[PDB]
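A.B. asks: This structure is in structure tokens; I'll ask about it shortly.
We place every Cβ from the backbone using ideal geometry, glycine too, and count neighbours over all the protein chains shown. FYI, it's all coordinate maths here, none of it is from the lab.
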Amino acid sequence: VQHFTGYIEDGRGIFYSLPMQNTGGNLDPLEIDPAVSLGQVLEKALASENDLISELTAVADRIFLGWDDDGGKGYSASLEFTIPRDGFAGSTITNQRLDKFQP
Amino acid sequence: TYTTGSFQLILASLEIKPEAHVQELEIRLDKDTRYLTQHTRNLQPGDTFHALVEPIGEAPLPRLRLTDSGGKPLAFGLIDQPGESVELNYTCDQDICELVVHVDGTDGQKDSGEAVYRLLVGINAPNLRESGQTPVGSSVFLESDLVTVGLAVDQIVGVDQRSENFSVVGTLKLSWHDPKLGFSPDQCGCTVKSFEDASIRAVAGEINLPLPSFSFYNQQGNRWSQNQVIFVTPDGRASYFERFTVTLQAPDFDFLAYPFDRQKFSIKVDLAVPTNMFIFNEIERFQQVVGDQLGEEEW
Amino acid sequence: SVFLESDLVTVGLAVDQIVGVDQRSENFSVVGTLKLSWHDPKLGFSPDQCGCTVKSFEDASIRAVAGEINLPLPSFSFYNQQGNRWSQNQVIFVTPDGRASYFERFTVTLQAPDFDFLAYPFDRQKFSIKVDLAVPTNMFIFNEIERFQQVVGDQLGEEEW
């Protein structure tokens with residue numbers, strides 16, 4: 001088995017070499033890093049109606065074939081995973097406050 | 001009486017549809033309340049949740065949302081094609097998932113006055129509106145526990161007019177019904193479980209379940225408690241009894257008209273838990289409040 | 001920033017009433033409320049496990065919760081306190097985003113070594129309530145003052161002071 005420790009200051013993104021729970025913090029975990037995409041999805045989420053659920057499958061889907069969003073210990077199940085042909089943790093826009101929805 | 005509890009056995013199915021039931025709520029949006037949230041039940045997997053708020057006296061159209069226990073989004077709100085009212089639907093995928101419905105006028109922050117909205121929330125019911133048999137089903141929201149409180153004053157021990165406080169001795173009784181405190185009398189072999197010489201906070205700590213811990217709001221120093229007891233019955237009925245000598249700080253002593261002044265001795269007991277958990281429902285007159293004393297009295 | 005920055009804590013003090021003044025031992029007893037608010041993400045948590053948006057500590061001072069969490073916290077002390085302070089409604093709220101708040105309602109007897117009763121009864125006194133952070137400046141600093149409620153407060157009836 002292979003286990004790698006992971007921690008990011010802001011969850012911006014760290015790739016893994018291909019030749020799960022959280023130890024602490026409020027992090028909700030899930031080849032080019034989309035930098036400005038954080039900004040566009042941040043501004044789009046604010047002042048939006050009937051879309052906050054939708055932007056995930058709308059824009060963040062183009063990291064496909066690796067969509068294994070944990071979102072908490074509710075899953076608690078490993079994935080064997082499949083490779084079709086021979087060959088970014090965290091940063092999932094969520095909410096924590098209860099008195100005001102601030103993504 | 002019938003009994004309730006959690007057991008183990010050393011699945012099948014029920015009819016063809018799970019029990020469906022809906023309720024209503026009149027939510028008031030005012031200057032001091034521009035946001036509201038309401039919690040729900042476990043919602044066993046496969047259950048569907050429907051929500052719909054409409055405005056009665058106006059058309060402010062407050063936005064709706066549906067999140068989990070921790071506030072992670074689960075469902076957003078889309079306005080229907082016909083004018084007014086909103087519709088929200090969500091089907092869960094995991095067992096024992098709590099849902100919190102949010103109503104907020106985040107965009108409508110303009111203040112004019114109080115407004116009333118009718119919110120229809122149902123579980124397992126695909127009904128477009130309330131239709132019929134609304135109160136026959138169970139409540140879908142998590143309801144705050146009801147506790148009855150009674151206070152009696154045996155005597156006014158003293159009044160300190162310079163530091164503006166007064167020492168009073170009396171008795172306090174609390175009574176609620178939390179079935180999670182229940183037990184099967186087969187094991188213990190008795191009909192009552194007793195906790196002695198321990199406050200509600202201590203027994204809550206050593207049981208690890210929420211309890212209606214309280215506090216004398218204006219208490220000075222350590223309250224002297226005796227006969228402190230908690231009785232729990234298998235049916236979930238719990239009672240707390242205490243005989244207290246307490247020195248309460250009174251910041252509303254007005255001795256300008258002495259000795260013709262008339263004072264108000266206020267004994268405030270504040271629940272230490274939020275309103276969404278426990279609320280003082282009614283007042284128990286288990287014995288006379290002022291009480292009878294032999295001989296005259298300063299006050 | 002490349003340097004380790006001291007944590008920022010906002011502090012607010014309000015005085016409900018002046019319980020008493022002892023002019024011979026030069027002290028005064030005051031009751032009020034103290035609020036602290038900082039943002040330490042190391043206190044954060046994932047609401048998935050606990051299933052709630054707030055973590056609560058009750059009836060325990062900041063030193064005690066720091067001891068039972070083993071992370072630095074802005075423990076304080078009333079500098080001129082005499083005897084044991086009477087604290088109630090003592091609570092600490094922590095949010096997943098790292099926001100932490102401390103609330104306390106205190107009756108405290110503070111020693112006042114600057115009482116000048118030479119002009120009695122025309123003397124005017126300065127009741128100084130000093131709250132010192134028990135941690136060094138490089139760890140926590142009082143950044144700003146929260147006016148969550150009026151400082152002096154309103155009382156019914158007259159008053160000695």
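A.B. asks: So for each of C:33-43, C:146-156 I average, over its residues, the number of other beta carbons within 10 Å; can you give me the resulting order with the highest mean first?
C.D. replies: Highest mean packing first, the order is C:33-43, C:146-156.
A.B. asks: Here's a follow-up. For a footprinting-style exposure proxy, rank C:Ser56, C:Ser61 by other Cβ within 10 Å, fewest first.
C.D. replies: C:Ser56, C:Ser61
A.B. asks: Taking each residue of C:151-158 in turn, how many C-beta atoms of other protein chains fall within 10 Å of its C-beta, and what is the average?
C.D. replies: 3
A.B. asks: Still on this structure, I have one more. Residue by residue through the range B:286-299, what is 3J(HN,Hα) from phi via Karplus (6.51 cos²θ - 1.76 cosθ + 1.60, θ = phi - 60°)? Round to whole Hz and write x for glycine and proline.
C.D. replies: So the Karplus estimates, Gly and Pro as x, are 5, 7, 4, 6, 5, x, 10, 10, 9, x, 6, 8, 5, 10 Hz.
A.B. asks: Now, a different point. Just order B:217-225, B:233-241 by mean Cβ neighbour count inside 10 Å, highest at the front, would you?
C.D. replies: B:233-241, B:217-225
A.B. asks: How far apart, in nm, are the 7 Å Cα→Cβ label points at B:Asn276 and B:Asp107?
C.D. replies: 2.5 nm
A.B. asks: Calculated from DSSP H runs of 4 or more alone, at -39500 (n - 2.57) each and per residue, what is the 222 nm mean residue ellipticity of chain B, nearest 500?
C.D. replies: Counting only the DSSP helices, I get -1000 deg cm²/dmol.
A.B. asks: Give me, ordered by chain and number, the residues 5 or more places off B:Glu87 or on other chains with an amide H under 5 Å from its own placed amide H.
C.D. replies: Here the answer is B:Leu78, B:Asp80, since their amide H atoms fall under 5 Å of that of B:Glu87.
A.B. asks: What whole-number distance in Å separates the alpha-carbon centres of the range B:138-165 and the range C:96-161?
C.D. replies: If we compute the Cα centre of each part, the gap is 29 Å.
A.B. asks: Once you put a point 7 Å from the Cα of B:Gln81 and another 7 Å from the Cα of B:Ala202, both along the Cβ direction, what distance in nm separates them?
C.D. replies: 6.7 nm
A.B. asks: Under the definition of partner shielding as Cβ atoms of other protein chains within 10 Å of a residue Cβ, what is the mean value for peptide A:89-96?
C.D. replies: If you average over the peptide's residues, the count of other-chain Cβ atoms is 4.
A.B. asks: Most exposed first by the Cβ proxy, i.e. fewest other Cβ within 10 Å, how do A:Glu9, C:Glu104, B:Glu87 rank?
C.D. replies: Least to most surrounded, the residues fall as A:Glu9, B:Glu87, C:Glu104.
A.B. asks: How high is the relative contact order of the range B:175-297, in percent, counting Cα pairs under 8 Å that sit 6 or more residues apart?
C.D. replies: 28 percent
A.B. asks: Using a Förster radius of 56 Å, what is the FRET efficiency between C:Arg24 and A:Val1 based on their Cβ-Cβ separation? Nearest 0.05, please.
C.D. replies: 0.15
A.B. asks: At a Förster distance of 45 Å, what's the computed FRET efficiency of B:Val290 paired with B:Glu98, Cβ-Cβ distance as r, to 0.05?
C.D. replies: Working from the Cβ atoms, E equals 0.50.
A.B. asks: Given Cα pairs under 8 Å that are at least 6 residues apart, what percent is the relative contact order of the range B:89-176?
C.D. replies: Computed value for the range B:89-176: 20 percent relative contact order.
A.B. asks: Which of C:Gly20, C:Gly83, C:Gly44 moves the most in a Gaussian network model of chain C with Cα springs under 10 Å?
C.D. replies: Comparing C:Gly20, C:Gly83, C:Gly44 in a Gaussian network model of chain C, the most mobile one is C:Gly83.
A.B. asks: Also, I was wondering about something else. For B:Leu209 and A:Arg85, what is the calculated FRET efficiency with R₀ set at 51 Å and r taken between the beta-carbons, to the nearest 0.05?
C.D. replies: FRET efficiency, B:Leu209 to A:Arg85: 0.40.
A.B. asks: Right, another one. Pairs of alpha-carbon atoms within less than 8 angstrom and 6+ residues apart define the contacts here; what relative contact order does the range C:13-161 have, in percent?
C.D. replies: 32 percent
A.B. asks: Going by a ≥ b ≥ c, the root eigenvalues of the Cα gyration tensor, does chain B fall in the rounded group (a/c under 1.5), the prolate group (a/b larger than b/c) or the oblate group?
C.D. replies: Because a/c hits 1.5 or more and a/b fails to exceed b/c, chain B counts as oblate.
A.B. asks: Starting from the Cα gyration tensor of the range C:24-127, take the square roots of the eigenvalues, sort them a ≥ b ≥ c, and report rounded, prolate or oblate (rounded when a/c is under 1.5, otherwise prolate if a/b is larger than b/c, else oblate).
C.D. replies: prolate
A.B. asks: Shielding by partners for A:48-56, please: the mean number of other protein chain Cβ atoms within 10 Å of each residue's Cβ.
C.D. replies: 4
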